[PDB]
Amino acid sequence: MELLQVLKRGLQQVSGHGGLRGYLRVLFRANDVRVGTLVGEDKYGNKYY
Amino acid sequence: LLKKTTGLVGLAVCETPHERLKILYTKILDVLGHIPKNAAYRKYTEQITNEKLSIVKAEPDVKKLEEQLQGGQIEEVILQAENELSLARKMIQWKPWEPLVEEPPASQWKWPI
Amino acid sequence: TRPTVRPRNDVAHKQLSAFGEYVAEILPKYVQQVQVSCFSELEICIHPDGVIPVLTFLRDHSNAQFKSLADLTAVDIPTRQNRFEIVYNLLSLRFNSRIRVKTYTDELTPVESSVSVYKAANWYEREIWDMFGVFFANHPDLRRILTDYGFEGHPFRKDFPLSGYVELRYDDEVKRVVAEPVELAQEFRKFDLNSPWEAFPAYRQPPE
Amino acid sequence: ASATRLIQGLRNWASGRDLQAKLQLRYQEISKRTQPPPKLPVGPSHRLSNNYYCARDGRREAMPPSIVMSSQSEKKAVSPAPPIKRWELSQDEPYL
Amino acid sequence: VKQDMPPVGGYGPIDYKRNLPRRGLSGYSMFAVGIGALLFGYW
Amino acid sequence: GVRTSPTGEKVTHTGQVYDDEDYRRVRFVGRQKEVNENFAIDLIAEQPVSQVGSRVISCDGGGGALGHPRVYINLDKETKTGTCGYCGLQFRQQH
Amino acid sequence: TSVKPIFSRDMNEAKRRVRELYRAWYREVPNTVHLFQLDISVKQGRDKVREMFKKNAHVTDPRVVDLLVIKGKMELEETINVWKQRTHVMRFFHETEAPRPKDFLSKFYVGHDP
Amino acid sequence: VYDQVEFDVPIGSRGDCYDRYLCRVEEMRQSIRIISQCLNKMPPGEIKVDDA
Amino acid sequence: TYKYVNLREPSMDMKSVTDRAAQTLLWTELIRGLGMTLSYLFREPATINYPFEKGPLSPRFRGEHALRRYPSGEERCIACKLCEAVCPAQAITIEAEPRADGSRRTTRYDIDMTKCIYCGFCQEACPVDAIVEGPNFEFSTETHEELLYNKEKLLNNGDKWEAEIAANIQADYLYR
Amino acid sequence: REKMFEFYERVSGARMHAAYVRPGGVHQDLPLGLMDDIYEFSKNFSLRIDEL
Ligand code: SF4
Ligand code: SF4
Ligand SMILES: [Zn+2]
């Protein structure tokens, strides 16, 4: 079943932001929860993915 | 063969196109005989009307008459014959073969100024 | 002169010259000039009494059939005593061709309205009333079409300034958009650009 | 692209079309944002010889309009051009 | 010289016509299915 | 190389500063006067004079097509260096 | 000196058209003050009508006064039909404009204009 | 270069809003056809006239 | 070379007439349209997450104006007024004089950003790459006169955006 | 429509008012990789017309 792989991708998006706290952090700031490869961080704290 | 549509909206199919073109061309020549002979409009319109009337008298087929009158559908050829008739009736009342009504001013068409 | 020069079309030039002779000899009462440009466009300069006889002819003659009015234009040339140049642009779909019928008027001489020939003209020469002040007699509904309803003057005259004479602002005292004499915070900077050297010796005018 | 095959089959059935062969969202198939540096060609007037400007002066070959008739036989009636040739119906898809 | 150009064989063919793929049952079959549902409901 | 008027207002690289009795300082009240603090006349004077062995040098500003149009500076005067009219880089004949 | 007329052969027919236009404006002014709900009186709008007619009273050319009657009828047609708003009707009354200096002395005081 | 691209011209039959709609949809079709012919037949060379 | 849109005479046999009557009564094309809308319901939308995701641009993009400098600190603008001569909206106002070291430099370089039509004729008229129309488009103001740039604001925009402007010019100067 | 405005912006720098076609030719040559993306657009646009 491929719905299970969808839900496992959602659970590892929760894991990919460092748990539920960072998950809700990016959910309420970005309105978006998907994880990416961290390309970099500038001298201000902006992170690029 | 009874063409079903001319393709043009508002331009209905003519049932008997040859008789209509003969009546329109002879009526054009009737109106056009009332113009003086030194008027170039009379000479040119008699010339092209005689060409069109001879082509209509020399072709029974509607399609081949369309291809050698060279004016598209036969119904817009009929419409152009009616337009030429109305034009000749207006050109009688205008009398535009006369000399120029007035010379332009001296630098009226000088471009650039 | 192959790559960068526009290639001259001699067949269309010959055909438009011949048709210009044709129009000039069918209608000698009104036709004043006939000319063909080097880029092969035919201009028929006529007297303004023959707006209706010429344009009907080109609309209705079997060798003209200019059934389309593309554009109708005025041009203000103030050094001419008939300063307005009314330009008709006609399209024959039958003969795949374009003709230009030019005529003249000043501020006080009415041009006859060509709405009975081409209904297309109904707004166009109405624009010529709004922009230039050329009056068209026997027009169905002649009024302004583009300027504001209280507008004074005719803007596309060349003695009319680029900005107007009035400008609008909202005024809170009268609770109303109001018109006031125009002031610009930056004046439009006039640039004198014309070179003091002659560019085209083929267009050299003879001296006095 | 990240849609599962059940939603993809439902979507293709409801549209009646194969929607994965032609996605309206763009992916790796589009061009790179960084390109190699170009090397543009020069025109036909980049010659060191036989390249006088008067032999290719377009603006100075324009003449004033030829005044055909000015107001200071059995000659054939003419038209402004030959009459337009009738358009042919499409061989590609005439809807006929 | 290096310039934005089509590739060596040119681009592949591009669809440009109507494709409305004619799906669904016939009129006979659709009226038969609807009348069969009516008969099932009436029974 | 910015400096300051006695009103406390920064003087631009042009030299513009409002007077004390000029009312138009009221536009910066509660806000700021924006000046650029990298004065180009002080920055081009930091560039060292280029010693060259020729009599005429060419200058395009550096970068080739990214600089200015290539001009040719004569260096016969030993009293004065030869300055680029576009970029301000100055040159000296080393002999 | 022989020109083509517009409507009027001479100044008598022209003054007749001027007179009919003044009649039509005089009849229209109370309806204009009502339906635009202007803050002026019918006497004041009719005085503005009289001012706009007497501004052009120096003209002795029949074609010019023909075109003035044409443009006055266009103004009236744009007023009867509600094509103007209240703003376009009140642009005849230069209310927000400060009064210009009329004598030599105050024009000398305010600036360089003659 | 429209004498060198090949395309069809949608002609209506009733003069209504619907045939003008179908003409604009088919002109989108034929514009895609012209775009394919322009992409395949794009020549090399300069892009301004070489009169400076 | 032409085609006839909508010139199909429909078949009048009982098969096709019953097909059209089933379409009329049973609403087949309406279900077709509902199916196409349902097919977009399960597609991924095309919505990027602004401000965190940005629309794609190119190095030719014409945004906020900037005055540039040489790689020595000297400003490139040598007061030639070509940008304000070519300016189709007359947004640029330039006054110049020789400064204290005799260089031809401006003392007024104004761009009214509310006259500007953002067509970049100034940066292609400029013979030294001094004025550019840079990459910034997110510079909306709360006041009208904050868009009336003087020379200080344009030089500060150049100092602010030069690291991006120079790389965009490095990407695009071979097309120019 | 948005992707074609990206085509305008890649060829001129503006999404709508390009000032790109000029008397004499066009202002600037096509950037490298533009015609491939116009091909990738044209390959899919017929299905967009089909669902319209
Ligand atoms: S982008 Fe165009 S309108 Fe704006 S300042 Fe430059 S030349 Fe003027
Ligand atoms: S910005 Fe460029 S074009 Fe404008 S005055 Fe300065 S050097 Fe000349
Ligand atoms: Zn230099």
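Chain identifiers are assigned alphabetically (A, B, ...) following the order of the sequence lines, protein sequences preceding nucleic acid strands; residue numbering begins at 1 within each chain.
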Side chain / backbone / both / neither for [X] at chain B, heavy atoms under 4.5 Å:
X	value
C:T79	side chain
C:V31	backbone
C:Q205	side chain

What's the separation between atom [atom1] in [X] and atom [atom2] in [Y], rounded to the nearest 0.5 Å?
X	Y	atom1	atom2	result
C:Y30	B:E102	OH	CD	12.5 Å
B:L79	C:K67	CG	NZ	7.5 Å
C:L27	B:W97	CG	CH2	11.0 Å
B:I113	C:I77	CD1	CD1	8.0 Å
B:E82	C:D60	CD	CG	11.0 Å

Around [X], counting heavy atoms of other residues, nucleotides and ligands shown, do more than 12 lie under 6.0 Å from its [atom1]?
X	atom1	result
C:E152	CD	no
B:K27	NZ	no
B:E67	CD	yes
B:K57	NZ	no
C:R2	CZ	no
C:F151	CZ	yes
C:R8	CZ	yes

Any residue of [range] which, by heavy atoms, sits under 4.5 Å from chain B:
range	answer
residues 84-104 of chain C	C:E85, C:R94, C:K102, C:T103, C:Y104
residues 11-25 of chain C	C:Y22, C:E25
residues 131-146 of chain C	none

Do you know the tightest heavy-atom contact between B:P105 and C:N82?
-> CG-ND2, 3.5 Å

Over all heavy atoms of both residues, which pair between B:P96 and C:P28 is shortest? Give the atoms and the distance, please.
-> O-CD, 3.2 Å

When you measure from the side chain of B:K90 to the backbone N and O of C:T56, does any donor-acceptor pair fall under 3.5 Å?
-> no

With side chains defined as the heavy atoms from C-beta onward, is the minimum distance between B:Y44 and C:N63 less than 4.5 Å?
-> no

Ranking B:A39, B:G72, B:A40 by heavy-atom pairs under 4.5 Å to chain C gives rank one to B:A40

Step by step, work out the side-chain contact (heavy atoms from CB on, under 4.5 Å) result for C:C45 and B:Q108.
-> CA-CA 10 Å; C:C45 302; B:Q108 184 64 46; over 6 Å; no

Using non-hydrogen atoms and a 4.5 Å limit, figure out which bit of [X] sits close to chain C: side chain, backbone, both or neither.
X	result
B:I48	side chain
B:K110	both
B:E103	backbone

According to the interplanar angle, ranging from 0 to 90°, do the rings of C:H61 and B:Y41 count as parallel (below 30°), tilted (30 to 60°) or perpendicular (above 60°)?
-> tilted

Salt bridge (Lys or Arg N to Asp or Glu O under 4.0 Å): which pairs involve residues 181-201 of chain C, sequence neighbours left out?
-> C:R189-I:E84, C:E198-C:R204

With C:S62, the side chain to side chain donor-acceptor pair (under 3.5 Å) member among B:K52, B:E84, B:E51 | B:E84

When B:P104 is tested against each of C:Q32, C:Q33, C:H47, C:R80 for side-chain contact (heavy atoms from CB on, under 4.5 Å), which residue passes?
-> C:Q32

